[PDB]
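Worksheet: the structure to be examined is printed underneath.
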Amino acid sequence: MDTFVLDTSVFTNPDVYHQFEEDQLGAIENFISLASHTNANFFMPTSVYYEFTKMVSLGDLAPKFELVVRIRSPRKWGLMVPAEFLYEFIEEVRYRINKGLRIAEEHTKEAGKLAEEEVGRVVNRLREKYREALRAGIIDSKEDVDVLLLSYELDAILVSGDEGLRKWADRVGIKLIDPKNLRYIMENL
Amino acid sequence: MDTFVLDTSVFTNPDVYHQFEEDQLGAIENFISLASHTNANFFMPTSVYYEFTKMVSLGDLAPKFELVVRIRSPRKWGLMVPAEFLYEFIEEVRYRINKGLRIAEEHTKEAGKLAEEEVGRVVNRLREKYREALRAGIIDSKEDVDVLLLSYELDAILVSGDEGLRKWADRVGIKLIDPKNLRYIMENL
Amino acid sequence: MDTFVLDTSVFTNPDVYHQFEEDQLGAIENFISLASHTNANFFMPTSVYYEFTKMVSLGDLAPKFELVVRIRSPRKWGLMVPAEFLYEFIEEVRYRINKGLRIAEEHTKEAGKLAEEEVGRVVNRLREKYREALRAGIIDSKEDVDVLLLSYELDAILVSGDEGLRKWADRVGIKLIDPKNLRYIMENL
Amino acid sequence: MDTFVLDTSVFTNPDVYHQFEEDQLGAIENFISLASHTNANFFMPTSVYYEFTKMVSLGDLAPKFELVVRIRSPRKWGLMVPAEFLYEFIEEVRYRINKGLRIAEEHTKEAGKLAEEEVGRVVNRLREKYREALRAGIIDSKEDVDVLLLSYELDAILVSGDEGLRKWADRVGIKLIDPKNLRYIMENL
Amino acid sequence: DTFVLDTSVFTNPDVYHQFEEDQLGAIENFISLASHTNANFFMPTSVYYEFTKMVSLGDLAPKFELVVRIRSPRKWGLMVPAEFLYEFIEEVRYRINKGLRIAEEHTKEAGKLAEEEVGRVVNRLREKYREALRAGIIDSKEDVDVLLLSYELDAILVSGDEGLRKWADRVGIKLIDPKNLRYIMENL
RNA sequence: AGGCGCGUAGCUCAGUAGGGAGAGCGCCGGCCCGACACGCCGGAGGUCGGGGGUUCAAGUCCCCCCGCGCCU
Ligand SMILES: [Mg+2]
Ligand SMILES: [Mg+2]
Ligand SMILES: [Mg+2]
Ligand SMILES: [Mg+2]
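Protein sequence lines, in the order shown, are assigned to chains A, B, C, D and E.
Just so you know, we're using my numbering here: the first sequence kicks off at 344 and counts up by one.
Just so you know, we're using my numbering here: the second sequence kicks off at 344 and counts up by one.
Just so you know, we're using my numbering here: the third sequence kicks off at 344 and counts up by one.
Just so you know, we're using my numbering here: the fourth sequence kicks off at 344 and counts up by one.
Just so you know, we're using my numbering here: the fifth sequence kicks off at 497 and counts up by one.
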């Protein structure tokens with residue numbers, strides 16, 4: 344009766360998969376072993392599926408995981424989204440673009456007075472700061488769009504460990520859940 | 344009747360408005376005089392007009408401009424956009440973000456081998472590279488969305504000296520035009 | 344009241360445009376002069392316009408052509424075509440694919456017996472046979488699909504000098520016309 | 344509850360049926376014996392069954408094969424397809440046709456400087472290159488279209504060793520699964 | 497699973513040779529087997545009429561109607577695609593032209609023999625007309641009655657004919673092999 | 001219907017805990033001879049096949065594309 348759209352952050356972010364076990368290949372295995380007793384459907388987008396399988400390495404786990412989870416792409420030709428989504432997204436992207444320029448300038452001035460020493464450390468700091476400024480708390484990849492559209496079309500409960508995905512998911516129409524509560528709600532059902 | 348949607352680039356880009364007259368204000372006056380005798384309608388989004396008035400010294404010409412040209416706002420509440428548009432936009436945004444990160448890394452590495460003096464030239468080059476990498480060939484401001492939605496809603500010919508605006512207007516099916524042929528079109532309509 | 348989607352062949356095939364004038368750079372001028380008095384709407388796809396302006400040195404006439412004709416791209420995100428248009432198209436392509444392989448083998452055998460000094464004639468014959476066996480009587484380019492969809496969604500009268508496109512336009516229900524009587528139709532409308 | 348639409352590649356490709364037994368007849372017999380206990384419905388297009396029976400000699404297997412697998416053709420009279428699918432198919436087909444024409448031109452040149460000796464191996468190389476250039480990675484038959492349409496209509500899990508079929512099925516939103524996992528699914532469901 | 501029976505199942509010798517080599521024990525064997533298999537057997541009531549006229553069945557009709565079910569398709573609540581009529585019209589026109597050609601050929605061939613061997617010529621014309629206008633196509637209303645009973649019940653059509661399986665495949669209906677009917681019934 | 005492997009100077013390759021882009025050869029200067037050469041100083045020689053990603057650092061680690069060969 345209930346459908347759950349899954350994202351790779353469930354099996355990637357440490358804070359969310361610790362419900363089952365304190366190990367990636369143990370938490371995934373425990374999720375597999377008990378999801379077969381749940382009276383619910385599980386759906387994962389196709390793009391995020393191989394994104395997941397290229398991040399984590401599975402042995403005798405891909406067969407069972409494909410058995411319990413139905414991989415399927417959204418039907419991205421009959422789906423429509425409001426024009427207010429585009430406005431907010433483009434304004435947020437423009438706001439975050441200017442912030443990246445400031446960080447780049449600050450790091451190019453900081454490294455401009457070090458005289459060829461510890462420049463690598465400045466680059467390491469710049470990478471983290473720029474990535475956090477540009478790709479944190481927002482939808483950044485087409486995989487997030489795929490998850491959003493699958494949740495929209497299928498009218499399911501989105502289970503995502505991210506933070507920017509939940510914001511836009513609740514923005515459009517999607518019902519969400521706390522990923523820390525998966526092992527309880529999905530066990531009771 | 345023929346309806347046109349104007350943009351800032353018509354009076355901003357010199358290559359566009361040189362068909363009227365060499366100087367900006369003279370070209371705008373020529374455009375006003377020609378449009379006062381043309382059997383056609385002209386529109387411009389409210390935010391686009393706001394940025395036009397605060398960028399150009401529109402003195403003694405604002406009354407005539409508001410006379411010939413009608414300033415409107417897109418009705419975003421009753422407008423919907425395809426999902427593939429958002430998909431392509433997000434993919435392009437991610438690609439440009441990666442390009443900007445590469446440019447920032449290159450410029451910070453360059454500035455680390457040049458000591459505390461002459462850093463300003465490196466910063467200026469970093470700005471002129473990052474802005475062109477992240478804002479050329481794509482819709483970046485919320486006024487471009489206003490131009491796109493007003494043209495898509497009024498079924499009007501879009502006039503714009505930009506290149507990303509035309510690129511993303513061909514993606515939705517908006518009638519376009521060459522900005523340098525506008526004058527000859529207005530003298531025969 | 345009447346919409347006429349145009350194709351490149353109208354200005355490319357000598358027999359089609361001889362109804363206007365004997366020269367390709369004079370027939371277009373006559374068409375623009377006549378279409379300025381016709382009580383009908385004209386349309387050409389964006390890609391078709393790009394291809395037409397690339398194969399013809401449109402100088403001093405492009406403003407006149409854009410004054411009369413409307414350049415617009417189809418909104419293919421909503422249109423649904425029947426599966427029978429795709430099933431009965433895939434078989435034709437596969438049948439033509441096997442024909443090209445036989446032609447290539449025949450020409451390789453024919454070039455292997457002369458063995459010298461005449462490979463150019465064999466190459467030219469292979470080019471012509473391959474082109475006529477895979478690009479004759481069927482829709483091949485993506486511009487033809489653009490014309491088809493623009494005529495379908497606008498419910499317009501297709502005016503194309505092709506035969507491979509006019510045959511598949513009938514398969515959808517598009518009001519086809521004979522391209523050699525465009526001038527008489529325009530002169531009375 | 345679950346539905347599986349099979350393709351000929353499941354029993355033809357050695358890398359797929361080796362999970363059953365190292366023998367085509369043995370693999371088919373093992374699949375038939377195992378499918379009699381699983382809680383799933385298997386379907387195959389009629390045009391695909393024709394090709395399957397024309398490539399394998401089934402003795403005492405076809406009566407057993409018809410026991411488990413329900414042969415049925417797609418009901419294509421009421422199955423709309425997206426218009427952008429046709430656009431991608433046309434552009435990719437044109438790309439591959441252009442790629443094969445130059446392959447044929449290269450091979451006729453290579454055979455035109457070798458005399459009447461060793462022409463057969465050149466012809467064989469031309470055949471292999473033409474096949475892999477114009478057929479690999481694309482939908483190239485009406486059997487594949489039947490599998491895709493049947494899977495779309497019944498909302499089933501598409502099983503097929505062909506990768507072009509899966510790649511073009513992902514564009515429509517069909518539940519795709521890895522063929523090599525198929526066996527493990529059957530003893531689990 | 498539900499099947500749809502036809503006259504050709506019990507009239508064509510190659511079809512009922514699975515049960516017995518006699519068209520009065522094949523039906524008995526089919527009834528005995530169907531009294532054990534877990535399946536539903538349906539046949540249109542317009543098809544059961546032909547099964548009773550062309551075949552004289554006695555002491556077996558009670559068993560048959562006990563183990564088989566008879567119903568007519570509810571054609572008042574059914575729809576047919578519009579391109580079915582196009583294919584049917586084209587095939588009918590082509591077959592009509594072929595039949596006219598055959599009739600002309602058989603008239604010209606007998607116009608040379610004057611009054612001699614006319615009966616054999618007429619018999620040959622009968623056979624040619626039958627095999628050129630009533631083979632490989634739906635011709636009677638008892639064929640549409642089989643097509644619409646499986647289109648509406650989602651059943652596996654069982655028929656020894658060839659013109660039934662050419663148009664049953666054109667509207668997406670399951671198609672069993674008529675010679676294997678005994679085996680699957682044994683396993684179901 | 002697929003799986004295995006290779007792409008590094010004028011040619012054929014050695015190249016990895018990621019911390020050089022070189023060589024056996026061809027060979028213009030060189031040594032080497034009264035004398036281009038032999039043993040023997042070395043010029044010159046780059047798309048590490050093309051795009052990206054992760055790292056202070058990529059021929060190396062990770063994905064896509066192109067080309068050349070072996071097994072079904
Ligand atoms: Mg992701
Ligand atoms: Mg064309
Ligand atoms: Mg195939
Ligand atoms: Mg196939």
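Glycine included, every Cβ here is placed at the ideal spot set by N, Cα and C.
Asked	Found
Please state whether DSSP places residue 450 of chain E in a helix, a strand or coil.	In the structure as shown, chain E begins at 497 and stops at 684. Residue 450 of chain E is therefore absent and cannot be evaluated.
Should residue 377 of chain D be flagged as near chain A, meaning a C-beta pair shorter than 9 Å?	no
From which residue to which residue does the alpha helix (DSSP H) around residue 488 of chain B run?	485-497
Residue 427 of chain D versus chain A: which residues are under 8 Å apart at the beta carbon?	420
Compute the distance between the beta-carbons of residue 659 of chain E and residue 680 of chain E, then report whether it is under 9 Å.	no
Around ligand 4, which residues pass a check of Cβ closer than 6 Å to any of its heavy atoms?	D:351, D:484, D:486, D:487
Give me the residue from A:408, A:493, A:505, A:525 with the minimum Cα distance to residue 517 of chain A.	A:493
Give the straight-line distance between the Cα atoms of residue 439 of chain A and residue 490 of chain B, rounded to the nearest whole angstrom.	22 Å
Could you work out which residues of chain D lie near residue 433 of chain C, taking near to mean beta carbons separated by less than 9 Å?	432, 482, 483, 484, 485, 487, 488
Just to confirm, does residue 394 of chain A get its C-beta within under 8 Å of one of the non-hydrogen atoms of ligand 1?	yes
Can you determine whether any heavy atom of ligand 1 sits closer than 8 Å to the C-beta of residue 391 of chain A, and answer yes or no?	yes
Report the three-state DSSP secondary structure of residue 514 of chain D (helix, strand or coil).	coil
Could you give the DSSP three-state label for residue 411 of chain D: helix, strand or coil?	helix
Could you work out which residues of chain B lie near residue 476 of chain A, taking near to mean beta carbons separated by less than 7 Å?	Near residue 476 of chain A there are no residues of chain B at all, since even the closest Cβ is about 10 Å away, more than 7 Å.
Taking Cβ positions only, does residue 351 of chain A come closer than 9 Å to chain B?	no
What is the residue span of the beta strand (DSSP E) that residue 399 of chain D lies within?	No beta strand (DSSP E) contains residue 399 of chain D, which DSSP labels as neither H nor E.
Using beta carbons (cut-off 9 Å, strictly below), is residue 665 of chain E in contact with chain D?	yes
Please state whether DSSP places residue 378 of chain A in a helix, a strand or coil.	helix
Can you find a heavy atom of ligand 2 that lies under 8 Å from the Cβ of residue 379 of chain C?	no
Output needed for residue 532 of chain B: all residues of its chain with C-beta closer than 8 Å, excluding positions within five of it in sequence on either side, in chain order.	345, 381, 382, 383
What separation, rounded to the nearest whole angstrom, lies between the Cα atoms of residue 425 of chain C and residue 435 of chain D?	20 Å
Do residue 522 of chain E and residue 506 of chain E have their C-beta atoms within less than 9 Å of each other?	yes
Would the beta-carbon of residue 389 of chain A fall within 9 Å of that of residue 513 of chain D?	yes
Nearest to residue 476 of chain C by CA position, among C:412, C:511, C:522, C:444, is which residue?	C:444
For the putative contact between residue 350 of chain B and residue 505 of chain B, defined by C-beta atoms under 8 Å, what is the C-beta separation to the nearest angstrom?	7 Å
What's the gap between the Cα of residue 515 of chain B and the Cα of residue 431 of chain B?	12 Å
Taking residue 401 of chain B and residue 372 of chain B to be in contact with their CB atoms under 8 Å, please state how far apart those CB atoms are, rounded to whole angstroms.	Contact flag wrong, Cβ pair sits at about 11 Å.
Beta carbon of residue 508 of chain D: closer than 8 Å to some heavy atom of ligand 3?	yes
Compute the beta-carbon to beta-carbon distance between residue 347 of chain D and residue 526 of chain D, rounded to the nearest angstrom, for a pair I have assumed lies under 8 Å.	The Cβ separation is near 12 Å, so there is no contact.
Measuring alpha carbon to alpha carbon, tell me which residue in A:488, A:496, A:497 is nearest residue 509 of chain A.	A:488
Determine which residues of the region 392-424 of chain B have a Cβ less than 7 Å from any Cβ of chain A, and write them out in chain order.	419, 422, 423, 424
Using a threshold of 9 Å, state whether the C-beta atoms of residue 367 of chain D and residue 399 of chain D are closer than that.	yes
For the alpha helix (DSSP H) that contains residue 428 of chain B, what are its first and last residues?	426-454
When every heavy atom of ligand 2 is checked, does at least one fall within less than 8 Å of the C-beta of residue 503 of chain C?	yes
Interface residues of chain B around residue 465 of chain A at Cβ under 8 Å?	451, 455
With a threshold of 16 other CB atoms inside 10 Å of the CB of residue 379 of chain A, please say whether the residue is buried or exposed.	exposed
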